[PDB]
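Note that the protein sequences, when read in sequence, are chains A and B. Heads up: the first sequence begins at 1 in my numbering, then just goes up one per residue. Heads up: the second sequence begins at 260 in my numbering, then just goes up one per residue. Here a beta-carbon is modelled for each residue, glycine too, at the ideal position from N, C-alpha and C. Take a look at the structure below.
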Amino acid sequence: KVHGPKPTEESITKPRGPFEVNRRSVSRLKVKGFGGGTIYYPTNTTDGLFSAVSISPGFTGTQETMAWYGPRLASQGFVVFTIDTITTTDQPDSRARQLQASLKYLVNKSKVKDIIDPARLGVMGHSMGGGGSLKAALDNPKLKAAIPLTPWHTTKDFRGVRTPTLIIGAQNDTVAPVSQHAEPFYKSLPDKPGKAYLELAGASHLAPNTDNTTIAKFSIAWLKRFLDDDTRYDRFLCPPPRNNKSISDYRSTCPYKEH
Amino acid sequence: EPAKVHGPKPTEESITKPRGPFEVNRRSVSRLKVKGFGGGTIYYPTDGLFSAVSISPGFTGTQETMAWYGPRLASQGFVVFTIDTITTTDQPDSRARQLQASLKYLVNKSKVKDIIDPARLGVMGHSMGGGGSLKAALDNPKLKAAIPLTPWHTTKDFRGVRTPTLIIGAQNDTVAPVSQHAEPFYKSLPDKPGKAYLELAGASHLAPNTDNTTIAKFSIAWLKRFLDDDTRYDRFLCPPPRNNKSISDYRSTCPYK
Numbered sequence: 001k002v003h004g005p006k007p008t009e010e011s012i013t014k015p016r017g018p019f020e021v022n023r024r025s026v027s028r029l030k031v032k033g034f035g036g037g038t039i040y041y042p043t044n045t046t047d048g049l050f051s052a053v054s055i056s057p058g059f060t061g062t063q064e065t066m067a068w069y070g071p072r073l074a075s076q077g078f079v080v081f082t083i084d085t086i087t088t089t090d091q092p093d094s095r096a097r098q099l100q101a102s103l104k105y106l107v108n109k110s111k112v113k114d115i116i117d118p119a120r121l122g123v124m125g126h127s128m129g130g131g132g133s134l135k136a137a138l139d140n141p142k143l144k145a146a147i148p149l150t151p152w153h154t155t156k157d158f159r160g161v162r163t164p165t166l167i168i169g170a171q172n173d174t175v176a177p178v179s180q181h182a183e184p185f186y187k188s189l190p191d192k193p194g195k196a197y198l199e200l201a202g203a204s205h206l207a208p209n210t211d212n213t214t215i216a217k218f219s220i221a222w223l224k225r226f227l228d229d230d231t232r233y234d235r236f237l238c239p240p241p242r243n244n245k246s247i248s249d250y251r252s253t254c255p256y257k258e259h
Numbered sequence: 260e261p262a263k264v265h266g267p268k269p270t271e272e273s274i275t276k277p278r279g280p281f282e283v284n285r286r287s288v289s290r291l292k293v294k295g296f297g298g299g300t301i302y303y304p305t306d307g308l309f310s311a312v313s314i315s316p317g318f319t320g321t322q323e324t325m326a327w328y329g330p331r332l333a334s335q336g337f338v339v340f341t342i343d344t345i346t347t348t349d350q351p352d353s354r355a356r357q358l359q360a361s362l363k364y365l366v367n368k369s370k371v372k373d374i375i376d377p378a379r380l381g382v383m384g385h386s387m388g389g390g391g392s393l394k395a396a397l398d399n400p401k402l403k404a405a406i407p408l409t410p411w412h413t414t415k416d417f418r419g420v421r422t423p424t425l426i427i428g429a430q431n432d433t434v435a436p437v438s439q440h441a442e443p444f445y446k447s448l449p450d451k452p453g454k455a456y457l458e459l460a461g462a463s464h465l466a467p468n469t470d471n472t473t474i475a476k477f478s479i480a481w482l483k484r485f486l487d488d489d490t491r492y493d494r495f496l497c498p499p500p501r502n503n504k505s506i507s508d509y510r511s512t513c514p515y516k
């Protein structure tokens with residue numbers, strides 16, 4: 001149950017995949033467990049069901065900070081929900097619950113509920129939202145993928161996360177320094193079902209908030225591989241990338257075996 | 260993988276006695292012989308296998324604060340490890356890892372490993388150690404029971420804990436006030452596989468550090484029911500207790516099926 005043609009380096013790095021994207025706003029006034037958001041979804045709803053991902057911003061951030069992920073990922077055959085939080089000062093564990101509440105809304109109530117495979121749901125988030133994604137995955141092992149972007153959390157040990165997790169760090173991050181956040185998070189994760197750490201060379205904490213080919217490629221491959229079980233994307237992930245000036249460090253538990 | 264039926268069919272009397280039916284022996288584990296925790300004392304019964312439970316102290320506390328659980332529980336047919344932490348100021352999430360390290364030592368390396376059922380492992384702990392027990396269960400869903408005693412943690416949301424959990428609070432606790440620690444922890448836990456909250460009437464934060472018939476009865480019933488799958492002890496837990504002057508509040512997801 002896969003979408004799109006056989007991928008190439010060229011296809012996965014293009015700003016848009018093969019799907020046209022529609023959007024629907026969800027008002028803060030119409031939902032309770034999070035702050036509303038924007039749903040980006042493939043206009044072609046006549047084929048198979050799609051996997052879905054919710055994406056959280058960080059502290060003081062709104063969905064505007066994450067908007068680029070909407071078209072970039074939805075155009076690859078996903079439903080993508082860029083959420084706002086109840087308040088912009090919500091902490092990571094609250095962000096976790098808001099991510100889960102947003103997925104519940106998407107599958108139970110939203111206008112696109114019947115185009116989503118409710119068994120194939122992921123989380124992503126920036127900064128405290130990335131901390132939130134780790135805790136959301138810890139608390140719901142049914143989640144099939146997590147992508148914490150320059151994550152920040154006071155909890156450091158995520159050994160209980162059973163979800164395939166790609167942590168994206170920023171080498172020169174001073175807000176969530178990788179030695180204190182991304183790296184301990186990654187090292188704590190179990191060997192299986194699959195993890196990776198991708199560190200963006202020369203990047204700062206805000207790198208996730210603007211179109212980034214490296215973030216896009218690896219996030220598309222991760223969601224394809226783990227939400228869709230699409231092994232045609234394994235080639236992008238394993239063996240780990242080499243000779244990439246954008247990537248200052250990479251760690252993995254390649255190969256990732258279907259079990 | 261069959262359940263255990265250690266000891267005689269229980270009664271109110273049998274479960275409230277300080278010393279249960281099994282003879283207790285004890286072995287020290289040196290701090291200098293382990294790395295993942297601070298050593299401890301293993302209490303174990305005198306041709307079957309027994310479930311095992313590790314027990315953490317709280318902040319600035321040593322195993323002496325939890326020593327009474329060793330005989331009281333081991334005499335009911337359990338291997339009980341009262342651990343020390345690497346330092347007395349270790350934080351809850353570190354205490355979680357030390358509880359898990361202590362269990363791994365028990366099953367892989369200890370002098371009592373031949374009598375332990377490695378499939379049936381639980382955690383308990385006081386205060387920060389009770390926060391630790393919640394995090395240990397969050398992180399290892401194979402654990403079959405958790406008993407956080409007057410727990411303290413900064414993390415409040417344990418909805419990801421898949422282990423049967425009995426939280427014991429103290430009504431008048433000012434260190435880990437129930438409204439800020441035990442109650443939010445309990446409410447966050449999932450409905451299944453089974454949870455309970457027992458609040459000790461008039462009790463302070465230090466209630467868990469002295470022989471307490473209520474703590475003992477409910478802890479024995481919980482470990483029997485969930486580490487051993489010994490449903491002969493269901494009767495003590497469900498329906499919830501009533502008319503008990505020692506219990507100022509009780510919450511459950513009875514029945515536990």
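Can you find the residues in the same chain that come closer than 6 Å, C-beta to C-beta, to residue 495 of chain B, ignoring five residues on each side of it along the sequence?
For this step, residue 495 of chain B is matched to residue 236 along the second sequence. Answer for residue 495 of chain B: 480, listed in chain order.
Are the Cβ atoms of residue 430 of chain B and residue 460 of chain B separated by less than 8 Å?
Position 171 of the second sequence, counted from the start, is the residue given in the question as residue 430 of chain B. Position 201 of the second sequence, counted from the start, is the residue given in the question as residue 460 of chain B. Cβ distance < 8 Å, so residue 430 of chain B and residue 460 of chain B count as in contact.
When you compare only the Cα positions, how much space is there between residue 260 of chain B and residue 381 of chain B?
The count along the second sequence starts at 1 and reaches residue 260 of chain B at position 1. The count along the second sequence starts at 1 and reaches residue 381 of chain B at position 122. Rounded to whole angstroms, residue 260 of chain B to residue 381 of chain B spans 16 Å at the Cα level.
Along the chain, which unbroken stretches of the alpha helix (DSSP H) at least 4 residues long are found entirely within the stretch 6-46 of chain A?
9-13
What does the alpha-carbon distance come out to for the pair residue 191 of chain A and residue 113 of chain A?
As a working note, residue 191 of chain A is residue 191 in the first sequence. As a working note, residue 113 of chain A is residue 113 in the first sequence. Roughly 33 Å between the two C-alpha positions.
Any idea which residues DSSP pairs residue 425 of chain B with across the strands?
Here residue 425 of chain B corresponds to residue number 166 of the second sequence, with the count starting at 1. DSSP, once it has assigned bridges, lists B:455 as partnering residue 425 of chain B.
Would residue 365 of chain B pass as an interface residue toward chain A - the criterion being a Cβ-Cβ separation below 8 Å?
Locating residue 365 of chain B in the second sequence gives position 106, where the first residue counts as 1. No - not a single Cβ of chain A is within 8 Å of the one on residue 365 of chain B.
Assuming the contact rule is C-beta atoms closer than 8 Å, residue 391 of chain B and residue 355 of chain B should be a hit. Round their C-beta distance to whole Å, please.
Start at 1 with the first residue of the second sequence, and residue 391 of chain B comes out as number 132. Start at 1 with the first residue of the second sequence, and residue 355 of chain B comes out as number 96. Between residue 355 of chain B and residue 391 of chain B the Cβ distance is about 4 Å, and since that is below 8 Å, they are a contact.
Looking only at its chain, what residues have a beta carbon closer than 8 Å to the beta carbon of residue 35 of chain A, apart from the 5 residues adjacent to it on each side?
Residue numbering aside, residue 35 of chain A sits at position 35 when the first sequence is read from its first letter. Closer than 8 Å at the Cβ level, and outside the excluded window around residue 35 of chain A, lie 28, 83, 84, 85, 86, 87, 98.
Figure out for me which residue from A:38, A:234, A:67 has the closest Cα to the Cα of residue 7 of chain A.
Counting from one through the first sequence, the residue named residue 7 of chain A turns up at place 7. Per the Cα distances, A:234.
Note down the Cα distance separating residue 328 of chain B from residue 470 of chain B, rounded to an integer number of angstroms.
Start at 1 with the first residue of the second sequence, and residue 328 of chain B comes out as number 69. Start at 1 with the first residue of the second sequence, and residue 470 of chain B comes out as number 211. Rounded to the nearest angstrom, the two C-alpha atoms are 8 Å apart.
Just to confirm the assignment: which complete alpha helix (DSSP H) runs, minimum length 4, are found wholly within the stretch 118-191 of chain A?
128-139, 182-188
Partner residues on chain B for residue 93 of chain A, Cβ-Cβ distance less than 8 Å:
For the purposes of this step, residue 93 of chain A is taken as the residue at position 93 of the first sequence. Correct list: 414, 415, 416.
Between the C-alpha atoms of residue 111 of chain A and residue 226 of chain A, what's the straight-line distance to the nearest angstrom?
Translated into positions along the first sequence, residue 111 of chain A becomes position 111. Translated into positions along the first sequence, residue 226 of chain A becomes position 226. Those two C-alpha atoms are separated by around 25 Å.
Residue 61 of chain A versus residue 130 of chain A - alpha carbon distance:
Reading the first sequence from its first residue, position 61 is the one you call residue 61 of chain A. Reading the first sequence from its first residue, position 130 is the one you call residue 130 of chain A. Answer to the nearest angstrom: the Cα atoms are 12 Å apart.
Relative to the C-alpha of residue 411 of chain B, which residue among B:387, B:507, B:331, B:467 is closest?
The residue you call residue 411 of chain B lines up with position 152 of the second sequence. Considering only alpha carbons, the answer is B:387.
Out of curiosity, what's the CA-to-CA distance linking residue 258 of chain A and residue 452 of chain B?
Along the first sequence, read from residue 1 onward, the residue named residue 258 of chain A stands at position 258. Along the second sequence, read from residue 1 onward, the residue named residue 452 of chain B stands at position 193. Looking at the two C-alpha atoms, the distance is approximately 28 Å.
In terms of DSSP beta bridges, what is residue 86 of chain A paired with?
In the first sequence, the residue the question calls residue 86 of chain A occupies position 86. DSSP, once it has assigned bridges, lists no residue as partnering residue 86 of chain A.
Taking only three categories from DSSP, how would you classify residue 249 of chain A?
Stepping through the first sequence from its first residue, residue 249 of chain A is reached at position 249. Looking at residue 249 of chain A - three-state DSSP - the assignment turns out to be strand.
Rounded distance between the beta-carbons of residue 145 of chain A and residue 118 of chain A, thought under 8 Å
As a position in the first sequence, residue 118 of chain A is number 118, starting the count at 1. As a position in the first sequence, residue 145 of chain A is number 145, starting the count at 1. Not a contact, Cβ separation roughly 15 Å.
Pair within 8 Å by beta-carbon distance, residue 482 of chain B and residue 273 of chain B
As a first step, residue 482 of chain B must be located in the second sequence, where it is residue number 223. As a first step, residue 273 of chain B must be located in the second sequence, where it is residue number 14. Not closer than 8 Å, so no.
Which of helix, strand or coil DSSP assigns to residue 366 of chain B
Within the second sequence, residue 366 of chain B is the residue found at index 107, counting from 1. Residue 366 of chain B falls in the helix class under three-state DSSP.
Residue environment, residue 271 of chain B, which counts as buried when at least 16 other CB atoms sit within 10 Å:
Here residue 271 of chain B refers to the residue found at position 12 when the second sequence is read from its first residue. Exposed: under 16 other Cβ atoms inside 10 Å.
Within the same chain, show all residues whose beta-carbon is closer than 7 Å to that of residue 329 of chain A, passing over the 5 residues directly before and after it, in chain order.
Not covered by the structure: residue 329 of chain A. The range shown for chain A is 1 to 259.
Using a Cβ-Cβ cut-off of 8 Å, state whether residue 160 of chain A counts as contacting chain B.
Locating residue 160 of chain A in the first sequence gives position 160, where the first residue counts as 1. So yes, residue 160 of chain A belongs to the interface.
8 Å is my cut-off, CB to CB: does residue 373 of chain B come that close to chain A?
Position 114 of the second sequence holds residue 373 of chain B. Output row for residue 373 of chain B: interface = no.
What residue range is occupied by the uninterrupted beta strand (DSSP E) comprising residue 495 of chain B?
Along the second sequence, one-based indexing puts residue 495 of chain B at 236. Careful: residue 495 of chain B lies outside any beta strand (DSSP E), inside the alpha helix (DSSP H) at 493-496.
Determine the contact status of residue 364 of chain B and residue 293 of chain B, defining contact as a CB-CB distance below 8 Å.
As a working note, residue 364 of chain B is residue 105 in the second sequence. As a working note, residue 293 of chain B is residue 34 in the second sequence. Cβ atoms of residue 364 of chain B and residue 293 of chain B: closer than 8 Å.
By DSSP, does residue 201 of chain A sit in helix, in strand, or in coil?
To locate residue 201 of chain A, count along the first sequence from 1; it is residue 201. It is coil, neither helix nor strand.
Check whether chain B comes within 8 Å of residue 139 of chain A, counting only Cβ atoms and requiring the distance to be less than that.
Position 139 of the first sequence, counted from the first residue, corresponds to residue 139 of chain A. By this cut-off, residue 139 of chain A is an interface position.
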